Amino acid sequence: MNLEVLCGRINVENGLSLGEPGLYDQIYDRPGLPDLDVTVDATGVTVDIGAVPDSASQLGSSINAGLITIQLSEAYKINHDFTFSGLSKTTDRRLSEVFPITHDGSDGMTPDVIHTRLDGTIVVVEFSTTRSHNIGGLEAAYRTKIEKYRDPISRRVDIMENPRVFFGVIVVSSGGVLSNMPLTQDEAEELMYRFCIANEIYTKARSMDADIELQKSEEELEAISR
């Protein structure tokens, strides 16, 4: 899963585009989860991931079996970080490093991706997950990202010449993906399987340290606006 390939699948002619949302429901014959043993201590979360079962769909091809550790201070966002690690070429750039400074309070907003393409198009992408199994939950996460970033980016676009900016949102849940980045069904299914593993790991970690849930709640709360 490659970030440049994904960003190449959108076209913005002039201005700021929010694309078209598309729903990818879960339809593959999905394999079971791999064995996951989770131990939580002051170092952080240690996970032993078994091998992904075989299946015709071949889902899980992005899962590395073996041992991994997440520092406890970041366990709260396991669901995010594990689901999208294949796409998180993380440098964490702020808007002002690609957009004109406006001093409107948003210059320091850091989306998951800011990528400039060879043709000059600027693609800002935001990743999200929800544990709800209801279409409203997917829609809520997606709307929340749209509302967080549309006004700042639109303000920036109004004071540029020839801006071609696309704001992408990908929301992954157990039962579907909602995205304005065009995906293949296989890519969406792999994201959903990764999320299933991530949520199992997170649930196990939270059973030993409940405070991470609180951290998750507060942190997404602050992420509503800054």
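One-based numbering along the sequence shown.
Here the stretch with the larger average CA B-factor, out of 114 to 122 and 76 to 84, is 114 to 122. Stretches compared: 203 to 211, 21 to 29. Higher mean C-alpha B-factor in the entry: 203 to 211.
The entry lists C-alpha B-factors for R93, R156, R131, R150, and the highest of these is at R93. The maximum CA B-factor among the listed residues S55, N180, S173, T184, taken from the PDB record, is found at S55.
Per-chain ranking of the deposited C-alpha B factor places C7 in the middle third. Residue-level temperature factors show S106 in the middle third of its chain, judged at the C-alpha atom.
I70 sits in the highest third of its chain by CA B factor, as recorded in the PDB entry. Among the modelled residues of its chain, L36 has a C-alpha B-factor that falls in the highest third according to the deposited record. Per the PDB record, residue ranking by Cα B-factor puts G168 in the lowest third of the chain.
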